$ cat start04.pdb   # PDB, C-alpha atoms
ATOM      1  CA  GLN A   1      40.969 118.850 155.983
ATOM      2  CA  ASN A   2      39.254 115.923 157.723
ATOM      3  CA  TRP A   3      41.695 113.155 156.775
ATOM      4  CA  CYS A   4      45.223 112.702 155.469
ATOM      5  CA  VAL A   5      47.800 110.331 153.976
ATOM      6  CA  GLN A   6      51.455 109.872 154.991
ATOM      7  CA  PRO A   7      54.084 109.939 153.737
ATOM      8  CA  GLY A   8      53.709 112.362 150.803
ATOM      9  CA  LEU A   9      56.027 110.372 148.507
ATOM     10  CA  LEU A  10      56.641 106.651 148.023
ATOM     11  CA  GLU A  11      60.281 105.828 147.234
ATOM     12  CA  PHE A  12      61.358 102.636 145.476
ATOM     13  CA  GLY A  13      64.664 101.568 143.890
ATOM     14  CA  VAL A  14      68.315 101.678 144.843
ATOM     15  CA  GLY A  15      68.702 101.985 148.611
ATOM     16  CA  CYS A  16      64.967 101.466 149.254
ATOM     17  CA  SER A  17      62.858  98.695 150.733
ATOM     18  CA  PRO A  18      60.873  96.783 148.066
ATOM     19  CA  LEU A  19      57.930  97.594 150.316
ATOM     20  CA  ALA A  20      56.469 100.998 151.189
ATOM     21  CA  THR A  21      53.740 101.589 153.759
ATOM     22  CA  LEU A  22      51.084 104.338 153.729
ATOM     23  CA  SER A  23      49.199 105.512 156.808
ATOM     24  CA  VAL A  24      45.672 106.842 156.198
ATOM     25  CA  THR A  25      44.093 108.814 159.052
ATOM     26  CA  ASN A  26      40.320 109.330 159.266
ATOM     27  CA  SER A  27      39.294 112.451 161.211
ATOM     28  CA  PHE A  28      35.686 112.544 160.000
ATOM     29  CA  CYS A  29      33.133 111.839 162.720
ATOM     30  CA  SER A  30      32.116 108.510 161.153
ATOM     31  CA  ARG A  31      33.873 105.310 160.221
ATOM     32  CA  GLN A  32      34.902 105.358 156.534
ATOM     33  CA  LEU A  33      35.642 102.805 153.838
ATOM     34  CA  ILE A  34      38.768 103.669 151.845
ATOM     35  CA  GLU A  35      39.902 102.334 148.465
ATOM     36  CA  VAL A  36      43.579 102.518 147.485
ATOM     37  CA  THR A  37      44.422 102.322 143.782
ATOM     38  CA  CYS A  38      47.237 103.017 141.331
ATOM     39  CA  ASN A  39      46.798 105.062 138.140
ATOM     40  CA  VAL A  40      49.005 102.602 136.189
ATOM     41  CA  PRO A  41      47.916  98.938 135.815
ATOM     42  CA  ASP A  42      50.134  96.074 137.015
ATOM     43  CA  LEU A  43      52.701  98.475 138.509
ATOM     44  CA  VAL A  44      52.197  97.910 142.249
ATOM     45  CA  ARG A  45      50.426  95.434 144.544
ATOM     46  CA  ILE A  46      48.430  97.317 147.209
ATOM     47  CA  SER A  47      47.456  95.355 150.319
ATOM     48  CA  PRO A  48      44.770  95.689 151.516
ATOM     49  CA  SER A  49      43.264  97.757 148.676
ATOM     50  CA  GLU A  50      40.043  98.375 150.649
ATOM     51  CA  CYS A  51      39.463  98.630 154.418
ATOM     52  CA  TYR A  52      37.526 100.544 157.070
ATOM     53  CA  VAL A  53      39.111 103.289 159.194
ATOM     54  CA  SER A  54      37.819 104.306 162.619
ATOM     55  CA  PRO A  55      36.841 107.994 163.019
ATOM     56  CA  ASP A  56      38.193 110.755 165.250
ATOM     57  CA  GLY A  57      41.773 110.093 164.164
ATOM     58  CA  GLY A  58      41.791 106.336 163.577
ATOM     59  CA  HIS A  59      44.240 105.098 160.964
ATOM     60  CA  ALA A  60      44.979 102.205 158.619
ATOM     61  CA  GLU A  61      48.383 101.045 157.326
ATOM     62  CA  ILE A  62      48.538 100.037 153.645
ATOM     63  CA  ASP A  63      51.415  98.089 152.022
ATOM     64  CA  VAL A  64      52.514  99.186 148.527
ATOM     65  CA  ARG A  65      54.825  96.720 146.746
ATOM     66  CA  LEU A  66      56.416  97.737 143.434
ATOM     67  CA  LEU A  67      56.076  95.023 140.757
ATOM     68  CA  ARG A  68      58.056  96.587 137.874
ATOM     69  CA  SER A  69      59.628  99.874 137.031
ATOM     70  CA  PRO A  70      57.553 102.682 135.501
ATOM     71  CA  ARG A  71      58.128 103.459 131.830
ATOM     72  CA  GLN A  72      58.009 107.216 131.346
ATOM     73  CA  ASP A  73      59.792 106.501 128.062
ATOM     74  CA  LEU A  74      56.871 104.272 127.047
ATOM     75  CA  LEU A  75      54.697 107.299 127.965
ATOM     76  CA  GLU A  76      52.932 105.821 130.929
ATOM     77  CA  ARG A  77      51.330 108.415 133.161
ATOM     78  CA  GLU A  78      53.427 109.739 136.007
ATOM     79  CA  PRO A  79      52.662 107.090 138.634
ATOM     80  CA  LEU A  80      50.392 107.856 141.580
ATOM     81  CA  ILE A  81      48.828 106.019 144.473
ATOM     82  CA  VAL A  82      45.261 107.331 144.904
ATOM     83  CA  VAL A  83      43.400 106.992 148.208
ATOM     84  CA  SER A  84      39.632 107.549 148.090
ATOM     85  CA  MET A  85      37.574 108.309 151.215
ATOM     86  CA  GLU A  86      34.058 109.761 151.502
ATOM     87  CA  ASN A  87      33.754 112.012 148.402
ATOM     88  CA  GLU A  88      37.449 112.900 148.371
ATOM     89  CA  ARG A  89      40.760 111.716 146.904
ATOM     90  CA  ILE A  90      44.402 112.194 147.920
ATOM     91  CA  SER A  91      47.184 111.244 145.483
ATOM     92  CA  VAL A  92      50.709 110.215 146.486
ATOM     93  CA  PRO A  93      53.419 110.183 143.779
ATOM     94  CA  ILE A  94      55.715 107.201 143.225
ATOM     95  CA  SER A  95      59.452 107.612 142.543
ATOM     96  CA  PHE A  96      61.837 104.877 141.374
ATOM     97  CA  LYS A  97      65.507 105.630 142.000
ATOM     98  CA  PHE A  98      68.096 104.626 139.365
TER      99      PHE A  98
END
$ encode --input "start04.pdb" --output "structure tokens"
Amino acid sequence: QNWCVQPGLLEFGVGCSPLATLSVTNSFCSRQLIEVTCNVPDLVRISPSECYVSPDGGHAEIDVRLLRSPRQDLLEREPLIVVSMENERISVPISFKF
């Protein structure tokens, strides 16, 4: 409603940059701290993982750098980037192309 994350999917692997970038837009009336995390440890390097975003449509750009491939076979969770802002969370799935 008051904020959003683009794109809606992060693509790594064959044909892709080793680097993906997220854009987080804050349309609340006040400046907001965000935290950007991954639901699988030691899978990506997120930079910066915390920053402030200006209100009224300000935005921050966040690098996501894949460190290893996910192991669905080793029953890791389906990998997600999670952005947290105010009391809310938006998840962005990660795909690795073979």
$ residues_around --input "start04.pdb" --residues "residue A:54" --least-positions-apart "2" --cutoff "9 Å" --atoms "all atoms listed in the file" --output "PyMOL selection string"
chain A and resi 25-32+52+56-60
$ resolve_selection --input "start04.pdb" --expression "the PyMOL selection byres ((chain A and resi 35-51) around 9)" --output "mmCIF file with C-alpha atoms, keeping the file's coordinate frame"
data_model
loop_
_atom_site.group_PDB
_atom_site.id
_atom_site.type_symbol
_atom_site.label_atom_id
_atom_site.label_comp_id
_atom_site.auth_asym_id
_atom_site.auth_seq_id
_atom_site.Cartn_x
_atom_site.Cartn_y
_atom_site.Cartn_z
ATOM 1 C CA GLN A 32 34.902 105.358 156.534
ATOM 2 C CA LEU A 33 35.642 102.805 153.838
ATOM 3 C CA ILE A 34 38.768 103.669 151.845
ATOM 4 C CA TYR A 52 37.526 100.544 157.070
ATOM 5 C CA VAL A 53 39.111 103.289 159.194
ATOM 6 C CA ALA A 60 44.979 102.205 158.619
ATOM 7 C CA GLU A 61 48.383 101.045 157.326
ATOM 8 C CA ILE A 62 48.538 100.037 153.645
ATOM 9 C CA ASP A 63 51.415 98.089 152.022
ATOM 10 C CA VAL A 64 52.514 99.186 148.527
ATOM 11 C CA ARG A 65 54.825 96.720 146.746
ATOM 12 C CA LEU A 66 56.416 97.737 143.434
ATOM 13 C CA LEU A 67 56.076 95.023 140.757
ATOM 14 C CA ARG A 68 58.056 96.587 137.874
ATOM 15 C CA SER A 69 59.628 99.874 137.031
ATOM 16 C CA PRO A 70 57.553 102.682 135.501
ATOM 17 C CA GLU A 76 52.932 105.821 130.929
ATOM 18 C CA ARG A 77 51.330 108.415 133.161
ATOM 19 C CA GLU A 78 53.427 109.739 136.007
ATOM 20 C CA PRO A 79 52.662 107.090 138.634
ATOM 21 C CA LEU A 80 50.392 107.856 141.580
ATOM 22 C CA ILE A 81 48.828 106.019 144.473
ATOM 23 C CA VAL A 82 45.261 107.331 144.904
ATOM 24 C CA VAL A 83 43.400 106.992 148.208
ATOM 25 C CA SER A 84 39.632 107.549 148.090
ATOM 26 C CA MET A 85 37.574 108.309 151.215
#
$ closest_residue --input "start04.pdb" --among "A:88, A:74, A:1, A:94" --to "residue A:20" --atoms "all atoms listed in the file"
A:94
$ atom_distance --input "start04.pdb" --atom1 "atom CA of residue A:6" --atom2 "atom CA of residue A:95"
15.0 Å
$ atom_distance --input "start04.pdb" --atom1 "atom CA of residue A:17" --atom2 "atom CA of residue A:4"
23.0 Å
$ axis_aligned_box --input "start04.pdb" --around "stretch 62-70 of chain A" --padding-each-side "6 Å" --output "JSON"
{"center_x": 54.1, "center_y": 98.9, "center_z": 144.6, "size_x": 23.1, "size_y": 19.7, "size_z": 30.1}
$ atom_distance --input "start04.pdb" --atom1 "atom CA of residue A:16" --atom2 "atom CA of residue A:89"
26.4 Å
$ decode --input "start04.pdb" --residues "stretch 65-98 of chain A" --atoms "N, CA, C and O atoms" --output "mmCIF file, in the first residue's frame"
data_model
loop_
_atom_site.group_PDB
_atom_site.id
_atom_site.type_symbol
_atom_site.label_atom_id
_atom_site.label_comp_id
_atom_site.auth_asym_id
_atom_site.auth_seq_id
_atom_site.Cartn_x
_atom_site.Cartn_y
_atom_site.Cartn_z
ATOM 1 N N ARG A 65 24.039 -10.031 -3.907
ATOM 2 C CA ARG A 65 25.112 -10.739 -4.594
ATOM 3 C C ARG A 65 25.063 -12.199 -4.156
ATOM 4 O O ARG A 65 25.323 -12.505 -2.983
ATOM 5 N N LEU A 66 24.755 -13.102 -5.094
ATOM 6 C CA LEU A 66 24.665 -14.522 -4.752
ATOM 7 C C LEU A 66 26.041 -15.098 -4.418
ATOM 8 O O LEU A 66 27.005 -14.920 -5.168
ATOM 9 N N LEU A 67 26.131 -15.825 -3.293
ATOM 10 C CA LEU A 67 27.402 -16.396 -2.842
ATOM 11 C C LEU A 67 27.549 -17.883 -3.179
ATOM 12 O O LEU A 67 28.675 -18.364 -3.363
ATOM 13 N N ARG A 68 26.443 -18.617 -3.274
ATOM 14 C CA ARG A 68 26.479 -20.032 -3.623
ATOM 15 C C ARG A 68 25.098 -20.402 -4.134
ATOM 16 O O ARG A 68 24.145 -19.627 -4.010
ATOM 17 N N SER A 69 24.989 -21.611 -4.699
ATOM 18 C CA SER A 69 23.664 -21.916 -5.208
ATOM 19 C C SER A 69 22.794 -22.470 -4.086
ATOM 20 O O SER A 69 23.303 -23.091 -3.147
ATOM 21 N N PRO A 70 21.483 -22.240 -4.155
ATOM 22 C CA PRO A 70 20.575 -22.858 -3.182
ATOM 23 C C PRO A 70 20.599 -24.368 -3.329
ATOM 24 O O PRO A 70 20.913 -24.912 -4.391
ATOM 25 N N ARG A 71 20.264 -25.053 -2.241
ATOM 26 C CA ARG A 71 20.166 -26.514 -2.245
ATOM 27 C C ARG A 71 18.752 -26.904 -1.835
ATOM 28 O O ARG A 71 18.496 -27.213 -0.671
ATOM 29 N N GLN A 72 17.827 -26.874 -2.800
ATOM 30 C CA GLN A 72 16.508 -27.452 -2.563
ATOM 31 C C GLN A 72 16.615 -28.938 -2.260
ATOM 32 O O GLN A 72 15.835 -29.471 -1.462
ATOM 33 N N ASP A 73 17.583 -29.616 -2.882
ATOM 34 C CA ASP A 73 17.789 -31.034 -2.613
ATOM 35 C C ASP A 73 18.193 -31.264 -1.162
ATOM 36 O O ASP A 73 17.690 -32.185 -0.506
ATOM 37 N N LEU A 74 19.086 -30.427 -0.634
ATOM 38 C CA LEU A 74 19.397 -30.427 0.789
ATOM 39 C C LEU A 74 18.355 -29.670 1.606
ATOM 40 O O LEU A 74 18.673 -29.130 2.678
ATOM 41 N N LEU A 75 17.123 -29.595 1.086
ATOM 42 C CA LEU A 75 15.923 -29.156 1.814
ATOM 43 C C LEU A 75 16.131 -27.833 2.549
ATOM 44 O O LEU A 75 15.611 -27.615 3.643
ATOM 45 N N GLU A 76 16.898 -26.934 1.942
ATOM 46 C CA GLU A 76 16.803 -25.547 2.354
ATOM 47 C C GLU A 76 15.423 -25.012 1.999
ATOM 48 O O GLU A 76 14.750 -25.509 1.090
ATOM 49 N N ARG A 77 14.997 -23.995 2.742
ATOM 50 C CA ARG A 77 13.794 -23.263 2.379
ATOM 51 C C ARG A 77 13.913 -22.725 0.953
ATOM 52 O O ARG A 77 15.011 -22.537 0.417
ATOM 53 N N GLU A 78 12.769 -22.485 0.328
ATOM 54 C CA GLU A 78 12.779 -21.750 -0.928
ATOM 55 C C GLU A 78 13.273 -20.334 -0.658
ATOM 56 O O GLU A 78 12.731 -19.645 0.217
ATOM 57 N N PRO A 79 14.306 -19.882 -1.361
ATOM 58 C CA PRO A 79 15.037 -18.683 -0.933
ATOM 59 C C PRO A 79 14.284 -17.394 -1.234
ATOM 60 O O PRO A 79 13.685 -17.222 -2.298
ATOM 61 N N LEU A 80 14.319 -16.487 -0.264
ATOM 62 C CA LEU A 80 13.621 -15.214 -0.315
ATOM 63 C C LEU A 80 14.534 -14.111 0.188
ATOM 64 O O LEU A 80 15.273 -14.303 1.159
ATOM 65 N N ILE A 81 14.459 -12.952 -0.457
ATOM 66 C CA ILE A 81 14.899 -11.699 0.138
ATOM 67 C C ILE A 81 13.701 -11.081 0.858
ATOM 68 O O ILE A 81 12.590 -11.043 0.313
ATOM 69 N N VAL A 82 13.901 -10.642 2.100
ATOM 70 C CA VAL A 82 12.829 -10.045 2.896
ATOM 71 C C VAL A 82 13.217 -8.599 3.196
ATOM 72 O O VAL A 82 14.292 -8.336 3.748
ATOM 73 N N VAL A 83 12.359 -7.660 2.827
ATOM 74 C CA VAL A 83 12.557 -6.259 3.183
ATOM 75 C C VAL A 83 11.583 -5.917 4.301
ATOM 76 O O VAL A 83 10.381 -6.171 4.177
ATOM 77 N N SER A 84 12.079 -5.313 5.381
ATOM 78 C CA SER A 84 11.213 -4.906 6.482
ATOM 79 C C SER A 84 11.214 -3.389 6.605
ATOM 80 O O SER A 84 12.283 -2.762 6.582
ATOM 81 N N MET A 85 10.015 -2.808 6.726
ATOM 82 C CA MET A 85 9.838 -1.361 6.835
ATOM 83 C C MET A 85 8.635 -1.133 7.727
ATOM 84 O O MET A 85 7.610 -1.795 7.543
ATOM 85 N N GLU A 86 8.758 -0.206 8.674
ATOM 86 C CA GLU A 86 7.651 0.121 9.587
ATOM 87 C C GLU A 86 7.253 -1.198 10.252
ATOM 88 O O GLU A 86 8.131 -1.909 10.769
ATOM 89 N N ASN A 87 5.986 -1.603 10.226
ATOM 90 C CA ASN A 87 5.580 -2.876 10.811
ATOM 91 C C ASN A 87 5.355 -3.957 9.757
ATOM 92 O O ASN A 87 4.680 -4.953 10.032
ATOM 93 N N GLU A 88 5.921 -3.790 8.566
ATOM 94 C CA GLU A 88 5.511 -4.545 7.397
ATOM 95 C C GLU A 88 6.711 -5.250 6.784
ATOM 96 O O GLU A 88 7.856 -4.851 6.991
ATOM 97 N N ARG A 89 6.435 -6.295 6.001
ATOM 98 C CA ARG A 89 7.465 -7.047 5.290
ATOM 99 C C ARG A 89 6.994 -7.343 3.872
ATOM 100 O O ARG A 89 5.813 -7.636 3.654
ATOM 101 N N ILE A 90 7.924 -7.269 2.924
ATOM 102 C CA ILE A 90 7.719 -7.690 1.542
ATOM 103 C C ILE A 90 8.829 -8.672 1.187
ATOM 104 O O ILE A 90 10.013 -8.360 1.369
ATOM 105 N N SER A 91 8.447 -9.842 0.674
ATOM 106 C CA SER A 91 9.392 -10.883 0.282
ATOM 107 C C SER A 91 9.549 -10.906 -1.231
ATOM 108 O O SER A 91 8.578 -10.695 -1.970
ATOM 109 N N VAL A 92 10.764 -11.192 -1.686
ATOM 110 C CA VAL A 92 11.090 -11.270 -3.102
ATOM 111 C C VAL A 92 11.781 -12.610 -3.336
ATOM 112 O O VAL A 92 12.847 -12.861 -2.759
ATOM 113 N N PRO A 93 11.231 -13.500 -4.149
ATOM 114 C CA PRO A 93 11.869 -14.811 -4.337
ATOM 115 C C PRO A 93 13.146 -14.724 -5.164
ATOM 116 O O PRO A 93 13.370 -13.781 -5.930
ATOM 117 N N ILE A 94 14.014 -15.708 -4.951
ATOM 118 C CA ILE A 94 15.302 -15.812 -5.633
ATOM 119 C C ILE A 94 15.247 -17.044 -6.531
ATOM 120 O O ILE A 94 14.814 -18.118 -6.088
ATOM 121 N N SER A 95 15.647 -16.889 -7.796
ATOM 122 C CA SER A 95 15.746 -18.014 -8.725
ATOM 123 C C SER A 95 17.177 -18.133 -9.227
ATOM 124 O O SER A 95 17.858 -17.118 -9.436
ATOM 125 N N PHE A 96 17.649 -19.373 -9.379
ATOM 126 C CA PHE A 96 18.995 -19.641 -9.877
ATOM 127 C C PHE A 96 18.841 -20.523 -11.103
ATOM 128 O O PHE A 96 18.322 -21.640 -11.004
ATOM 129 N N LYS A 97 19.236 -20.002 -12.262
ATOM 130 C CA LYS A 97 19.011 -20.688 -13.528
ATOM 131 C C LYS A 97 20.149 -21.656 -13.803
ATOM 132 O O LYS A 97 21.320 -21.250 -13.805
ATOM 133 N N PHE A 98 19.797 -22.929 -14.018
ATOM 134 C CA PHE A 98 20.706 -23.972 -14.523
ATOM 135 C C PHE A 98 20.519 -24.257 -16.017
ATOM 136 O O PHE A 98 21.202 -25.126 -16.573
#
